[PDB]
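Structure file model-v6.cif; described as mmCIF, C-alpha atoms and all ligand atoms.
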```cif
data_data
loop_
_atom_site.group_PDB
_atom_site.id
_atom_site.type_symbol
_atom_site.label_atom_id
_atom_site.label_comp_id
_atom_site.auth_asym_id
_atom_site.auth_seq_id
_atom_site.Cartn_x
_atom_site.Cartn_y
_atom_site.Cartn_z
ATOM 1 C CA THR H 2 175.195 67.565 92.364
ATOM 2 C CA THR H 3 177.954 67.306 89.744
ATOM 3 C CA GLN H 4 177.401 67.456 85.976
ATOM 4 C CA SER H 5 180.417 66.047 84.143
ATOM 5 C CA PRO H 6 181.253 67.408 80.670
ATOM 6 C CA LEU H 7 182.666 63.940 79.826
ATOM 7 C CA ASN H 8 185.752 65.440 78.155
ATOM 8 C CA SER H 9 188.594 64.800 80.640
ATOM 9 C CA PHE H 10 190.058 61.799 78.818
ATOM 10 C CA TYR H 11 193.361 62.097 76.967
ATOM 11 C CA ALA H 12 196.053 59.985 75.316
ATOM 12 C CA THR H 13 199.386 61.430 74.228
ATOM 13 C CA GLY H 14 202.292 60.418 72.015
ATOM 14 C CA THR H 15 205.436 62.047 70.667
ATOM 15 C CA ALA H 16 207.067 62.605 67.282
ATOM 16 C CA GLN H 17 210.545 63.692 66.215
ATOM 17 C CA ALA H 18 212.670 64.235 63.097
ATOM 18 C CA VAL H 19 216.229 64.614 64.401
ATOM 19 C CA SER H 20 218.237 63.596 61.313
ATOM 20 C CA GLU H 21 218.517 64.865 57.769
ATOM 21 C CA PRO H 22 217.469 62.328 55.103
ATOM 22 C CA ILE H 23 220.996 61.749 53.722
ATOM 23 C CA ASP H 24 224.648 61.955 54.738
ATOM 24 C CA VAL H 25 227.408 62.543 52.170
ATOM 25 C CA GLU H 26 231.081 61.733 52.766
ATOM 26 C CA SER H 27 233.623 62.331 50.008
ATOM 27 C CA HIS H 28 236.605 60.264 48.838
ATOM 28 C CA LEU H 29 237.463 62.098 45.625
ATOM 29 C CA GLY H 30 240.891 62.154 44.010
ATOM 30 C CA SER H 31 242.909 64.443 41.752
ATOM 31 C CA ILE H 32 243.383 65.328 38.086
ATOM 32 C CA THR H 33 247.072 65.659 37.147
ATOM 33 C CA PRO H 34 247.610 66.136 33.396
ATOM 34 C CA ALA H 35 250.341 68.049 31.593
ATOM 35 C CA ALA H 36 249.767 71.589 30.350
ATOM 36 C CA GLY H 37 247.230 71.466 27.525
ATOM 37 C CA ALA H 38 246.871 67.680 27.488
ATOM 38 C CA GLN H 39 243.731 65.655 26.762
ATOM 39 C CA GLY H 40 242.758 62.692 28.887
ATOM 40 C CA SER H 41 240.355 61.032 31.283
ATOM 41 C CA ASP H 42 240.701 59.591 34.767
ATOM 42 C CA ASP H 43 238.624 58.197 37.605
ATOM 43 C CA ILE H 44 238.262 60.715 40.430
ATOM 44 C CA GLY H 45 236.856 58.595 43.247
ATOM 45 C CA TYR H 46 233.532 58.045 44.954
ATOM 46 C CA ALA H 47 231.093 59.645 47.385
ATOM 47 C CA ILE H 48 229.143 57.622 49.947
ATOM 48 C CA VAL H 49 225.479 58.584 50.391
ATOM 49 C CA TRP H 50 224.045 57.069 53.567
ATOM 50 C CA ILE H 51 220.254 56.671 53.649
ATOM 51 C CA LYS H 52 218.415 57.362 56.902
ATOM 52 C CA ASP H 53 215.325 55.968 58.625
ATOM 53 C CA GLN H 54 212.432 54.907 56.350
ATOM 54 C CA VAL H 55 213.798 56.777 53.339
ATOM 55 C CA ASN H 56 213.149 54.897 50.102
ATOM 56 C CA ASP H 57 213.557 57.331 47.186
ATOM 57 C CA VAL H 58 215.867 60.349 46.948
ATOM 58 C CA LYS H 59 215.946 63.176 44.397
ATOM 59 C CA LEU H 60 219.188 65.166 44.431
ATOM 60 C CA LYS H 61 220.743 68.056 42.533
ATOM 61 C CA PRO R 123 149.695 26.059 113.455
ATOM 62 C CA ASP R 124 147.020 23.743 114.920
ATOM 63 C CA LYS R 125 146.074 22.213 111.549
ATOM 64 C CA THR R 126 147.480 19.490 109.316
ATOM 65 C CA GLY R 127 148.856 21.665 106.517
ATOM 66 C CA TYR R 128 150.493 24.242 108.803
ATOM 67 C CA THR R 129 152.462 22.012 111.183
ATOM 68 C CA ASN R 130 155.890 23.694 111.350
ATOM 69 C CA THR R 131 155.726 25.970 108.316
ATOM 70 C CA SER R 132 157.386 29.328 107.633
ATOM 71 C CA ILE R 133 156.836 32.288 105.309
ATOM 72 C CA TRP R 134 159.738 34.077 103.621
ATOM 73 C CA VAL R 135 160.524 36.602 100.885
ATOM 74 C CA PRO R 136 160.414 35.050 97.381
ATOM 75 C CA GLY R 137 163.832 33.838 96.283
ATOM 76 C CA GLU R 138 165.462 34.611 99.657
ATOM 77 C CA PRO R 139 164.851 31.688 102.044
ATOM 78 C CA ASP R 140 167.019 33.181 104.811
ATOM 79 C CA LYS R 141 164.615 36.107 105.409
ATOM 80 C CA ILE R 142 161.796 34.442 107.338
ATOM 81 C CA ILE R 143 158.807 36.671 108.100
ATOM 82 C CA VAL R 144 156.403 34.428 110.054
ATOM 83 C CA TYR R 145 157.108 31.206 111.964
ATOM 84 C CA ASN R 146 154.465 29.002 113.638
ATOM 85 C CA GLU R 147 152.071 31.836 114.459
ATOM 86 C CA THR R 148 148.952 33.454 113.012
ATOM 87 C CA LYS R 149 149.922 36.866 111.613
ATOM 88 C CA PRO R 150 148.164 37.978 108.411
ATOM 89 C CA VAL R 151 150.910 39.543 106.302
ATOM 90 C CA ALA R 152 151.401 40.800 102.747
ATOM 91 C CA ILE R 153 154.801 41.174 101.065
ATOM 92 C CA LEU R 154 155.378 43.827 98.391
ATOM 93 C CA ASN R 155 158.517 43.329 96.290
ATOM 94 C CA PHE R 156 160.099 46.276 94.478
ATOM 95 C CA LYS R 157 162.027 46.217 91.196
ATOM 96 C CA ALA R 158 163.373 49.264 89.367
ATOM 97 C CA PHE R 159 163.922 50.058 85.689
ATOM 98 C CA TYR R 160 166.017 53.191 85.318
ATOM 99 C CA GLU R 161 167.958 55.411 82.922
ATOM 100 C CA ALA R 162 170.558 57.587 84.615
ATOM 101 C CA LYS R 163 171.028 61.039 83.126
ATOM 102 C CA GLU R 164 174.154 61.546 81.036
ATOM 103 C CA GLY R 165 177.070 62.946 83.028
ATOM 104 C CA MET R 166 175.169 63.479 86.294
ATOM 105 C CA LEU R 167 177.092 62.515 89.445
ATOM 106 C CA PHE R 168 175.081 62.091 92.656
ATOM 107 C CA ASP R 169 175.703 60.452 96.016
ATOM 108 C CA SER R 170 172.872 59.874 98.486
ATOM 109 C CA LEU R 171 169.510 61.175 97.378
ATOM 110 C CA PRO R 172 166.560 59.169 98.738
ATOM 111 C CA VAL R 173 163.738 57.390 96.931
ATOM 112 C CA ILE R 174 160.541 57.836 98.942
ATOM 113 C CA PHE R 175 157.334 55.795 98.642
ATOM 114 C CA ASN R 176 154.145 56.800 100.473
ATOM 115 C CA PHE R 177 151.250 54.434 101.232
ATOM 116 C CA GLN R 178 147.699 55.705 101.781
ATOM 117 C CA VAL R 179 144.871 53.453 102.950
ATOM 118 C CA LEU R 180 141.657 54.035 100.987
ATOM 119 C CA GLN R 181 139.220 51.296 102.053
ATOM 120 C CA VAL R 182 139.277 48.430 104.556
ATOM 121 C CA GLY R 183 136.989 45.491 105.233
HETATM 122 CA CA CA P 201 245.371 71.345 23.827
HETATM 123 CA CA CA P 202 246.511 62.755 25.738
HETATM 124 CA CA CA P 203 210.048 55.736 53.196
HETATM 125 CA CA CA P 204 135.612 50.265 105.644
#
```
Mind turning the file's structure into structure tokens?
Amino acid sequence: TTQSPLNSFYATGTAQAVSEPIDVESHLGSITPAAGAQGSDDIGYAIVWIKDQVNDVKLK
Amino acid sequence: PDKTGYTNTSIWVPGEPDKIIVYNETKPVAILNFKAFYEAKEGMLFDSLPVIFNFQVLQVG
């Protein structure tokens, strides 16, 4: 009568990667010496947000 | 039915008391019970095919 191939069974899921691993927002400052002067000053900072299940980051 | 041991006695299929064959009368009867051991074929779908048994008398006394 009917001979089934016994293959018509399926299960399906989805995957996505919609975000980059890091986000960088800058809060740097300024360097204001006189002409030819020597000095040092703190510039500011830069926030590096870490995204989903990211544990170690290697940057350049 | 006209003897001591067979006063008001019945005969029925083994294990199924509600299917009475003979009741208070002389009727020589034999009951053949069928049991099947089977292996269906892999992936085969079927609906209504028959299973046919034929009986042939060979000798009688
Ligand atoms: Ca200088
Ligand atoms: Ca100086
Ligand atoms: Ca991780
Ligand atoms: Ca004979």
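Based on all atoms listed in the file, the protein and nucleic acid residues found within 9 Å of ligand CA 203 (chain P) are, by chain and then by number, residues 53, 54, 55, 56 and 57 of chain H.
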Quiz item: Evaluating the PyMOL selection byres ((chain R) within 10 of (chain H)) on the displayed file yields which residues, as an NGL selection string?
Solution: :R and (163-169 or 171)
Quiz item: Once the PyMOL selection byres (((chain H and resi 22) around 8) and not hetatm) has been applied to the shown file, what residues remain in the selection, as a list in words?
Solution: residues 20, 21, 23, 24, 51, 52, 53 and 55 of chain H
Quiz prompt | Protein and nucleic residues near ligand CA 202 (chain P), 12 Å, only C-alpha atoms and all ligand atoms, as an MDAnalysis selection string | solution = chainID H and resid 33:42
Convert the output of the PyMOL selection byres (((not hetatm)) within 10 of (chain P and resi 204)) on the shown file into explicit residues, formatted as a short mmCIF file (atom, residue, chain, number, x, y, z; two decimals) with C-alpha atoms, in the coordinates of the input.
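For reference, part33.cif as written:
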```cif
data_model
loop_
_atom_site.label_atom_id
_atom_site.label_comp_id
_atom_site.auth_asym_id
_atom_site.auth_seq_id
_atom_site.Cartn_x
_atom_site.Cartn_y
_atom_site.Cartn_z
CA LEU R 180 141.66 54.04 100.99
CA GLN R 181 139.22 51.30 102.05
CA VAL R 182 139.28 48.43 104.56
CA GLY R 183 136.99 45.49 105.23
#
```
Quiz item: Leaving out residue 43 of chain H and any residue of its chain fewer than 2 positions from it, which residues lie within 12 Å of it when counting all atoms listed in the file, given as a ChimeraX atom specification?
Solution: /H:28-33,40-41,45-46
Practice problem: May I have the residues within 7 Å of residue 26 of chain H as a PyMOL selection string, using only C-alpha atoms and disregarding those fewer than 3 positions away in the same chain? | Solution: chain H and resi 47-49
Resulting file, chosen residues, C-alpha atoms, as a PDB file, in the coordinates of the input:
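So out23.pdb came out as:
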```pdb
ATOM      1  CA  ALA H  47     231.093  59.645  47.385  1.00  0.00           C
ATOM      2  CA  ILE H  48     229.143  57.622  49.947  1.00  0.00           C
ATOM      3  CA  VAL H  49     225.479  58.584  50.391  1.00  0.00           C
TER       4      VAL H  49
END
```
With all atoms listed in the file as the counted atoms, please give the residues lying no more than 12 Å from segment 148-161 of chain R, apart from itself and same-chain residues fewer than 2 positions off, as a compact mmCIF listing (two decimals) with C-alpha atoms, in the coordinates of the input.
```txt
# COMPACT_ATOMS: atom_id res chain seq x y z
CA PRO R 123 149.70 26.06 113.46
CA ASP R 124 147.02 23.74 114.92
CA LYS R 125 146.07 22.21 111.55
CA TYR R 128 150.49 24.24 108.80
CA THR R 131 155.73 25.97 108.32
CA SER R 132 157.39 29.33 107.63
CA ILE R 133 156.84 32.29 105.31
CA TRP R 134 159.74 34.08 103.62
CA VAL R 135 160.52 36.60 100.88
CA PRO R 136 160.41 35.05 97.38
CA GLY R 137 163.83 33.84 96.28
CA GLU R 138 165.46 34.61 99.66
CA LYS R 141 164.62 36.11 105.41
CA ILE R 142 161.80 34.44 107.34
CA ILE R 143 158.81 36.67 108.10
CA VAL R 144 156.40 34.43 110.05
CA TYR R 145 157.11 31.21 111.96
CA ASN R 146 154.46 29.00 113.64
CA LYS R 163 171.03 61.04 83.13
CA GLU R 164 174.15 61.55 81.04
CA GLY R 165 177.07 62.95 83.03
CA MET R 166 175.17 63.48 86.29
CA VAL R 173 163.74 57.39 96.93
CA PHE R 175 157.33 55.80 98.64
CA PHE R 177 151.25 54.43 101.23
```
Self-check item: Distance in Å - atom CA of residue 58 of chain H versus atom CA of residue 25 of chain H
Solution: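 One can read the atom CA of residue 58 of chain H to atom CA of residue 25 of chain H distance as 12.9 Å.
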Exercise. Calculate how many Å separate atom CA of residue 140 of chain R from atom CA of residue 127 of chain R, rounding to one decimal.
Key: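 Taking atom CA of residue 140 of chain R and atom CA of residue 127 of chain R, their separation equals 21.6 Å.
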Exercise. Quick one: pull the distance between atom CA of residue 17 of chain H and atom CA of residue 60 of chain H, Å, one decimal.
Key: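 Going from atom CA of residue 17 of chain H over to atom CA of residue 60 of chain H, I get 23.5 Å.
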Dump segment 4-35 of chain H with N, CA, C and O atoms to a file, as a JSON list (two decimals), in the first residue's frame.
```
[["chain", "number", "residue", "atom", "x", "y", "z"],
["H", 4, "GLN", "N", 4.67, 2.72, 1.48],
["H", 4, "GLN", "CA", 5.97, 2.41, 2.06],
["H", 4, "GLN", "C", 6.61, 3.73, 2.49],
["H", 4, "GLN", "O", 7.11, 4.48, 1.64],
["H", 5, "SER", "N", 6.61, 3.99, 3.79],
["H", 5, "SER", "CA", 7.15, 5.24, 4.31],
["H", 5, "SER", "C", 8.68, 5.22, 4.28],
["H", 5, "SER", "O", 9.29, 4.20, 4.61],
["H", 6, "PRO", "N", 9.32, 6.32, 3.89],
["H", 6, "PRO", "CA", 10.78, 6.42, 4.02],
["H", 6, "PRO", "C", 11.23, 6.69, 5.44],
["H", 6, "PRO", "O", 12.44, 6.58, 5.72],
["H", 7, "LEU", "N", 10.31, 7.05, 6.35],
["H", 7, "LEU", "CA", 10.62, 7.30, 7.76],
["H", 7, "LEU", "C", 11.64, 8.42, 7.93],
["H", 7, "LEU", "O", 12.54, 8.35, 8.76],
["H", 8, "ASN", "N", 11.49, 9.48, 7.13],
["H", 8, "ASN", "CA", 12.36, 10.64, 7.20],
["H", 8, "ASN", "C", 11.65, 11.94, 7.54],
["H", 8, "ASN", "O", 12.32, 12.91, 7.91],
["H", 9, "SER", "N", 10.32, 11.99, 7.45],
["H", 9, "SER", "CA", 9.58, 13.25, 7.57],
["H", 9, "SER", "C", 9.36, 13.63, 9.04],
["H", 9, "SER", "O", 8.24, 13.79, 9.52],
["H", 10, "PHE", "N", 10.48, 13.78, 9.76],
["H", 10, "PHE", "CA", 10.48, 14.29, 11.12],
["H", 10, "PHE", "C", 11.55, 15.36, 11.23],
["H", 10, "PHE", "O", 12.70, 15.13, 10.86],
["H", 11, "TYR", "N", 11.18, 16.53, 11.75],
["H", 11, "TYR", "CA", 12.08, 17.67, 11.79],
["H", 11, "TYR", "C", 11.89, 18.46, 13.07],
["H", 11, "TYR", "O", 10.80, 18.47, 13.66],
["H", 12, "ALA", "N", 12.96, 19.11, 13.51],
["H", 12, "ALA", "CA", 12.94, 20.06, 14.61],
["H", 12, "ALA", "C", 13.87, 21.21, 14.27],
["H", 12, "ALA", "O", 14.98, 20.99, 13.79],
["H", 13, "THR", "N", 13.41, 22.44, 14.50],
["H", 13, "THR", "CA", 14.08, 23.62, 13.99],
["H", 13, "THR", "C", 14.28, 24.65, 15.09],
["H", 13, "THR", "O", 13.40, 24.86, 15.93],
["H", 14, "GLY", "N", 15.45, 25.29, 15.08],
["H", 14, "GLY", "CA", 15.74, 26.41, 15.94],
["H", 14, "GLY", "C", 16.38, 27.53, 15.14],
["H", 14, "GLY", "O", 16.62, 27.39, 13.94],
["H", 15, "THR", "N", 16.66, 28.64, 15.82],
["H", 15, "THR", "CA", 17.20, 29.83, 15.18],
["H", 15, "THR", "C", 18.43, 30.31, 15.92],
["H", 15, "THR", "O", 18.62, 30.04, 17.11],
["H", 16, "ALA", "N", 19.28, 31.04, 15.19],
["H", 16, "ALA", "CA", 20.47, 31.66, 15.75],
["H", 16, "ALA", "C", 20.62, 33.06, 15.18],
["H", 16, "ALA", "O", 20.18, 33.34, 14.06],
["H", 17, "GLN", "N", 21.25, 33.95, 15.95],
["H", 17, "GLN", "CA", 21.50, 35.30, 15.49],
["H", 17, "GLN", "C", 22.72, 35.88, 16.19],
["H", 17, "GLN", "O", 23.04, 35.49, 17.32],
["H", 18, "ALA", "N", 23.40, 36.80, 15.51],
["H", 18, "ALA", "CA", 24.48, 37.61, 16.07],
["H", 18, "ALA", "C", 24.25, 39.04, 15.58],
["H", 18, "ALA", "O", 24.75, 39.43, 14.52],
["H", 19, "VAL", "N", 23.48, 39.82, 16.34],
["H", 19, "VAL", "CA", 23.03, 41.13, 15.88],
["H", 19, "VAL", "C", 23.86, 42.28, 16.44],
["H", 19, "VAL", "O", 23.61, 43.44, 16.06],
["H", 20, "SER", "N", 24.82, 42.02, 17.32],
["H", 20, "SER", "CA", 25.60, 43.07, 17.94],
["H", 20, "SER", "C", 27.09, 42.77, 17.80],
["H", 20, "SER", "O", 27.50, 41.61, 17.82],
["H", 21, "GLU", "N", 27.87, 43.83, 17.66],
["H", 21, "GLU", "CA", 29.32, 43.69, 17.68],
["H", 21, "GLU", "C", 29.78, 43.42, 19.11],
["H", 21, "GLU", "O", 29.10, 43.79, 20.07],
["H", 22, "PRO", "N", 30.93, 42.76, 19.28],
["H", 22, "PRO", "CA", 31.35, 42.36, 20.64],
["H", 22, "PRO", "C", 31.53, 43.52, 21.61],
["H", 22, "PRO", "O", 31.27, 43.34, 22.81],
["H", 23, "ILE", "N", 31.98, 44.69, 21.15],
["H", 23, "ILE", "CA", 32.26, 45.80, 22.05],
["H", 23, "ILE", "C", 31.63, 47.08, 21.52],
["H", 23, "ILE", "O", 31.34, 47.22, 20.33],
["H", 24, "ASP", "N", 31.41, 48.03, 22.43],
["H", 24, "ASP", "CA", 31.04, 49.40, 22.11],
["H", 24, "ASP", "C", 32.01, 50.34, 22.81],
["H", 24, "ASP", "O", 32.34, 50.14, 23.98],
["H", 25, "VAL", "N", 32.46, 51.37, 22.10],
["H", 25, "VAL", "CA", 33.45, 52.32, 22.61],
["H", 25, "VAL", "C", 32.87, 53.72, 22.53],
["H", 25, "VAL", "O", 32.52, 54.20, 21.44],
["H", 26, "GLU", "N", 32.78, 54.39, 23.68],
["H", 26, "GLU", "CA", 32.38, 55.79, 23.75],
["H", 26, "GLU", "C", 33.49, 56.58, 24.43],
["H", 26, "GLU", "O", 34.07, 56.13, 25.42],
["H", 27, "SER", "N", 33.80, 57.75, 23.88],
["H", 27, "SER", "CA", 34.99, 58.50, 24.26],
["H", 27, "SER", "C", 34.64, 59.72, 25.10],
["H", 27, "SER", "O", 33.64, 60.40, 24.85],
["H", 28, "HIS", "N", 35.47, 59.98, 26.11],
["H", 28, "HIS", "CA", 35.37, 61.16, 26.96],
["H", 28, "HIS", "C", 36.76, 61.77, 27.17],
["H", 28, "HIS", "O", 37.16, 62.10, 28.28],
["H", 29, "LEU", "N", 37.50, 61.92, 26.08],
["H", 29, "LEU", "CA", 38.86, 62.43, 26.16],
["H", 29, "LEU", "C", 38.86, 63.94, 26.34],
["H", 29, "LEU", "O", 37.86, 64.63, 26.13],
["H", 30, "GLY", "N", 40.02, 64.47, 26.75],
["H", 30, "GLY", "CA", 40.17, 65.88, 27.01],
["H", 30, "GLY", "C", 41.10, 66.58, 26.04],
["H", 30, "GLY", "O", 41.09, 66.29, 24.84],
["H", 31, "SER", "N", 41.91, 67.50, 26.54],
["H", 31, "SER", "CA", 42.75, 68.33, 25.69],
["H", 31, "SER", "C", 44.13, 68.51, 26.31],
["H", 31, "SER", "O", 44.31, 68.39, 27.53],
["H", 32, "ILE", "N", 45.10, 68.79, 25.46],
["H", 32, "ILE", "CA", 46.48, 69.08, 25.85],
["H", 32, "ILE", "C", 46.76, 70.53, 25.49],
["H", 32, "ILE", "O", 46.75, 70.89, 24.31],
["H", 33, "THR", "N", 47.01, 71.37, 26.50],
["H", 33, "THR", "CA", 47.17, 72.81, 26.31],
["H", 33, "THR", "C", 48.46, 73.30, 26.97],
["H", 33, "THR", "O", 48.42, 73.96, 28.01],
["H", 34, "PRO", "N", 49.62, 73.00, 26.38],
["H", 34, "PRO", "CA", 50.87, 73.57, 26.89],
["H", 34, "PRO", "C", 51.22, 74.88, 26.22],
["H", 34, "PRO", "O", 50.50, 75.34, 25.32],
["H", 35, "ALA", "N", 52.31, 75.51, 26.64],
["H", 35, "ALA", "CA", 52.87, 76.64, 25.92],
["H", 35, "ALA", "C", 53.77, 76.13, 24.79],
["H", 35, "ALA", "O", 54.08, 74.94, 24.70]]
```
